[PDB]
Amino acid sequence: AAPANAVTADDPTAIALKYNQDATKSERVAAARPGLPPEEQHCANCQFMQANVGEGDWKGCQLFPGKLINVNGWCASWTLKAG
């Protein structure tokens, strides 16, 4: 059960970025974002995930202010966590 502030499928930004809460049900292969092979990409290893926001598998994403994403999700803004 997703948190009350989870990013949802008719969120305009979620559509535009092709977010899914489950990276295995994402188009990460098609986008081929750089820095890791696409099958290795998910929110937990993304620069925009906020480790200090949320709880458990439901963490912040800088791009989705006021909400939570799933650590096992993905969107087309995926960028390697570099620091």
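Numbers for residues come from their place in the sequence shown, where the first is 1.
S.K.: Compare the C-alpha B factor of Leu17 with those of the other modelled residues in its chain, then answer lowest, middle or highest third.
M.R.: It falls in the bottom third of the chain.
S.K.: Against its chain's modelled residues, does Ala9's Cα B factor rank lowest, middle or highest third?
M.R.: Highest third - that is where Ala9 ends up once the chain's C-alpha B-factors are sorted.
S.K.: Should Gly66 be placed in the lowest, middle or highest third of its chain by the C-alpha B factor in the entry?
M.R.: Its C-alpha B-factor belongs to the highest third of this chain's values.
S.K.: Looking at the C-alpha B-factor of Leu80, is it in the lowest, middle or highest third of its chain?
M.R.: Ranked within chain, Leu80 CA B lands in the lowest tercile.
S.K.: Looking at the entry's B-factor column for C-alpha atoms only, identify whether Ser26 ranks in the lowest, middle or highest third of its chain.
M.R.: Middle third, going by the recorded CA B-factors of the chain.
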